[PDB]
Structures are given as structure tokens and as C-alpha cells.
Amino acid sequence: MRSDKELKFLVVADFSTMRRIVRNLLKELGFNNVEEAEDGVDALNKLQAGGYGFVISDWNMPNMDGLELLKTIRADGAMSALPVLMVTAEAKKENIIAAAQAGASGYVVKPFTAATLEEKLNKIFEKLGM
């Protein structure tokens, strides 16, 4: 429905190209309420204003990385409920375990196709009920 398509996303990544790819895939899926941030600090400044419903973060970023962003989110009372999808690089399963242990709603490995992202997004929406 139009209503659920209203879910507000925050895409967090140092690389503009990455933010562009994700933002287009979201648009292909019908989600137009998308915002961007370039590091963990910029993201927290936007999240604290509230009213966000889903966060997608890349892993390596300056100032505050993705893992650190995730722990910060999970430790904040008002934010601990946010669904958070972590993007990680291949050859780094340690990153996958780390994200699971920190409370990531899910992870997606890059590069990823339009199909994979949707696949992971849908799995998350079932678990939390959306």
C-alpha cells in the first residue's frame, strides 16, 4: 500500500556511488522517502531528529564507521528498535559475525544485485512485521 511505501530510509556510505546505487534500487522497489548520510556521525545527527524507519549502512567510513554506528544505535533507547541493514565486503565473514553479534537486522555483501537487496529487505520486513 501507499502507506507502507512511506517508510523513511537513511542510506549511509562514504562513497557517493554506493549511495546512488542503493537509492536507485530503493526507488525501483517503490520507496521514495530516502535520505543520505556520509559517516556514522552525520547519520546520528539525522536519526536523532527522529522519524526514520530503516537504516542501511556501509562498513568503512571516516569519523564513525558502520559497526560503531550500529552499536551506538542499539544502545540508544529511542533508537534501539531501528531495523539496520549492514553492507559488508566479501572475504570478510568476521564482519558478518561481528554484525550479527552487534545486533544488525541483516547484512548484504557487496557488490550486490538489485535482486539480492530486495531479497534481504523482504526477509527483514517479515521478522519485524511491516
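We number the residues from 1 along the sequence you see.
Comparing the deposited coordinates for 7-15 and 112-120, the stretch with the larger average C-alpha B-factor is 112-120. In this crystal structure, the stretch out of 79-87 and 29-37 whose C-alpha atoms carry the higher mean B factor is 29-37.
Taking the PDB entry at face value, the top CA B factor among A100, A49, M64, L70 belongs to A49. When all modelled residues of the chain are sorted by CA temperature factor, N45 is found within the middle third.
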